[PDB]
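Q: Sharing entry-v7.cif (mmCIF, C-alpha atoms) below.
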```
data_upload
loop_
_atom_site.label_atom_id
_atom_site.label_comp_id
_atom_site.auth_asym_id
_atom_site.auth_seq_id
_atom_site.Cartn_x
_atom_site.Cartn_y
_atom_site.Cartn_z
CA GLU Q 3 -20.68 5.95 -42.74
CA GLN Q 4 -19.03 6.26 -46.16
CA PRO Q 5 -16.38 3.90 -47.57
CA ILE Q 6 -12.72 4.86 -47.30
CA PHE Q 7 -13.04 5.72 -50.98
CA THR Q 8 -15.68 5.20 -53.66
CA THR Q 9 -15.84 5.77 -57.40
CA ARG Q 10 -17.40 4.61 -60.64
CA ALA Q 11 -15.80 2.93 -63.62
CA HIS Q 12 -15.89 0.15 -66.18
CA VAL Q 13 -14.46 -3.16 -65.04
CA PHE Q 14 -12.39 -5.54 -67.16
CA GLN Q 15 -10.61 -8.82 -66.37
CA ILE Q 16 -7.90 -10.95 -67.88
CA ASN Q 23 -6.81 -10.32 -73.50
CA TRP Q 24 -9.21 -8.06 -71.61
CA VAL Q 25 -12.85 -8.98 -71.27
CA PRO Q 26 -15.55 -6.69 -69.92
CA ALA Q 27 -16.67 -7.64 -66.41
CA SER Q 28 -19.45 -5.06 -66.09
CA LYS Q 29 -22.20 -4.40 -68.64
CA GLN Q 30 -21.79 -0.75 -67.60
CA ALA Q 31 -19.95 1.66 -65.29
CA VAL Q 32 -20.34 0.49 -61.70
CA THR Q 33 -19.39 1.56 -58.21
CA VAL Q 34 -15.95 0.47 -56.96
CA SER Q 35 -14.97 1.01 -53.27
CA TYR Q 36 -12.28 0.41 -50.67
CA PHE Q 37 -13.32 -1.29 -47.42
CA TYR Q 38 -11.44 -2.18 -44.29
CA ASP Q 39 -11.76 -5.94 -43.71
CA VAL Q 40 -11.95 -6.05 -39.91
CA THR Q 41 -11.55 -9.77 -39.30
CA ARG Q 42 -8.75 -10.11 -41.86
CA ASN Q 43 -6.85 -6.96 -40.82
CA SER Q 44 -6.46 -5.72 -44.38
CA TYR Q 45 -8.14 -3.60 -47.03
CA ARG Q 46 -10.28 -4.95 -49.83
CA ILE Q 47 -11.54 -3.42 -53.04
CA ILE Q 48 -15.16 -4.47 -53.63
CA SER Q 49 -17.41 -3.89 -56.65
CA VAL Q 50 -20.79 -5.51 -57.29
CA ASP Q 51 -23.09 -5.52 -60.31
CA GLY Q 52 -26.49 -7.10 -59.85
CA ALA Q 53 -26.19 -10.53 -58.23
CA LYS Q 54 -22.49 -10.70 -58.96
CA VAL Q 55 -19.46 -9.42 -57.05
CA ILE Q 56 -16.99 -8.71 -59.84
CA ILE Q 57 -14.14 -7.43 -57.69
CA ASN Q 58 -13.27 -8.78 -54.23
CA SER Q 59 -9.60 -7.89 -54.06
CA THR Q 60 -7.44 -7.72 -50.92
CA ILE Q 61 -4.67 -5.16 -51.26
CA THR Q 62 -1.26 -6.40 -50.17
CA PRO Q 63 2.14 -4.62 -50.03
CA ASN Q 64 3.72 -6.48 -52.96
CA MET Q 65 0.75 -5.59 -55.16
CA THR Q 66 0.94 -2.71 -57.62
CA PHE Q 67 -1.50 -0.47 -59.48
CA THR Q 68 -0.29 0.64 -62.90
CA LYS Q 69 -1.78 3.48 -64.95
CA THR Q 70 -1.44 2.19 -68.51
CA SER Q 71 -3.13 5.43 -69.55
CA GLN Q 72 -4.49 8.52 -67.83
CA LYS Q 73 -8.01 7.06 -67.75
CA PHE Q 74 -7.21 3.37 -67.38
CA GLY Q 75 -5.33 1.45 -64.68
CA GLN Q 76 -4.71 -2.13 -63.55
CA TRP Q 77 -3.41 -4.44 -60.84
CA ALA Q 78 -2.67 -8.15 -60.57
CA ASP Q 79 -4.36 -10.36 -57.98
CA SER Q 80 -2.62 -13.67 -57.32
CA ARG Q 81 -5.20 -14.96 -54.85
CA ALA Q 82 -8.10 -14.51 -57.27
CA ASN Q 83 -5.57 -15.31 -59.98
CA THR Q 84 -6.61 -12.60 -62.41
CA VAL Q 85 -5.83 -9.04 -63.48
CA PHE Q 86 -8.43 -6.30 -62.97
CA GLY Q 87 -8.65 -3.20 -65.12
CA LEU Q 88 -10.70 -0.08 -64.44
CA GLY Q 89 -11.76 2.44 -67.06
CA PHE Q 90 -12.49 5.96 -65.79
CA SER Q 91 -14.41 8.82 -67.41
CA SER Q 92 -11.80 11.28 -66.13
CA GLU Q 93 -8.10 11.45 -65.31
CA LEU Q 94 -8.95 12.91 -61.91
CA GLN Q 95 -10.90 9.81 -60.86
CA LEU Q 96 -8.07 7.51 -61.98
CA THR Q 97 -5.63 9.78 -60.12
CA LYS Q 98 -7.59 9.66 -56.89
CA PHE Q 99 -8.06 5.88 -57.17
CA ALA Q 100 -4.36 5.20 -57.72
CA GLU Q 101 -3.58 7.49 -54.81
CA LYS Q 102 -5.82 5.58 -52.40
CA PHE Q 103 -4.35 2.33 -53.70
CA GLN Q 104 -0.86 3.49 -52.65
CA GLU Q 105 -1.93 4.69 -49.22
CA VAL Q 106 -3.90 1.53 -48.58
CA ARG Q 107 -0.86 -0.53 -49.58
CA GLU Q 108 1.36 1.53 -47.26
CA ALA Q 109 -1.07 0.89 -44.38
CA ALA Q 110 -0.76 -2.83 -45.07
CA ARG Q 111 3.01 -2.75 -44.44
#
```
Could the structure of this file be written out as structure tokens, please?
A:
Amino acid sequence: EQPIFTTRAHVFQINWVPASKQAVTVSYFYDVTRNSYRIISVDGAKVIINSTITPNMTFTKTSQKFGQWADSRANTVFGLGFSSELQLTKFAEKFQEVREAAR
């Protein structure tokens, strides 16, 4: 009933530009038809993150409250700003697992 993982943060895209007027919900979903996981975040009428996680993708913590990952398909880099190190830590953790399940 609940997503694999869900959190809240500020979204930025590639210098950085804000993608969300405020902190929004960001979640991991299992894309049934595609047989892969996707990170999805919406804000109003816009879906600001619709990223499929593949094995060769990597999430980097460029700080203990900020992290990022490159998305070739969408051709853009996404950055998330967290209000706490713990959230960032749990997000980066799920990212790794999800990537390992994509192997």
Q: What is the distance, in Å and to one decimal place, between CA of residue 91 in chain Q and CA of residue 44 in chain Q?
A: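 About the pair CA of residue 91 in chain Q and CA of residue 44 in chain Q: they are 28.4 Å apart.
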Q: Check the smallest atom-to-atom distance from each of Q:104, Q:88, Q:46, Q:60 to residue 31 in chain Q using all atoms listed in the file, then report the winner.
A: Q:88
Q: Which residue is closest to residue 79 in chain Q? Choose from Q:48, Q:59, Q:111, Q:37 and count only C-alpha atoms.
A: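 Of all the options, Q:59 lies closest to residue 79 in chain Q.
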Q: Using only C-alpha atoms, what residues lie at most 12 Å away from (-18.3, -12.1, -59.2) (file coordinates), given as a list in words?
A: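 Within the cut-off we find residues 13, 14, 15, 27, 28, 48, 49, 50, 51, 52, 53, 54, 55, 56, 57, 58, 59 and 82 of chain Q.
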Q: Which residue out of Q:29, Q:12, Q:42, Q:69 has the minimum interatomic distance to residue 97 in chain Q when all atoms listed in the file are used?
A: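 Under the stated criterion, the closest residue is Q:69.
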Q: May I ask for the distance between CA of residue 68 in chain Q and CA of residue 3 in chain Q, given in Å to one decimal place?
A: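 Calculated distance between CA of residue 68 in chain Q and CA of residue 3 in chain Q is 29.2 Å.
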Q: Which one is closest to residue 84 in chain Q: Q:110, Q:96, Q:16, Q:61? Count all atoms listed in the file.
A: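 Of Q:110, Q:96, Q:16, Q:61, the one nearest residue 84 in chain Q, counting all atoms listed in the file, is Q:16.
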Q: Between Q:75, Q:80, Q:86, Q:8, which residue has the minimum interatomic distance to residue 62 in chain Q, considering all atoms listed in the file?
A: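 Smallest distance to residue 62 in chain Q is found for Q:80.
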Q: If you measure from CA of residue 90 in chain Q to CA of residue 74 in chain Q, what distance in Å do you get, rounded to one decimal?
A: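 Computing it gives 6.1 Å between the two atoms.
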Q: Give the answer as one residue: which of Q:85, Q:41, Q:7, Q:33 has the shortest atom-to-atom distance to residue 101 in chain Q, using all atoms listed in the file?
A: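 Selected residue with least distance to residue 101 in chain Q: Q:7.
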Q: Expanded to explicit residues, what is the PyMOL selection byres ((chain Q and resi 10) around 6) for this file, as number ranges by chain?
A: Q: 9, 11, 32-34
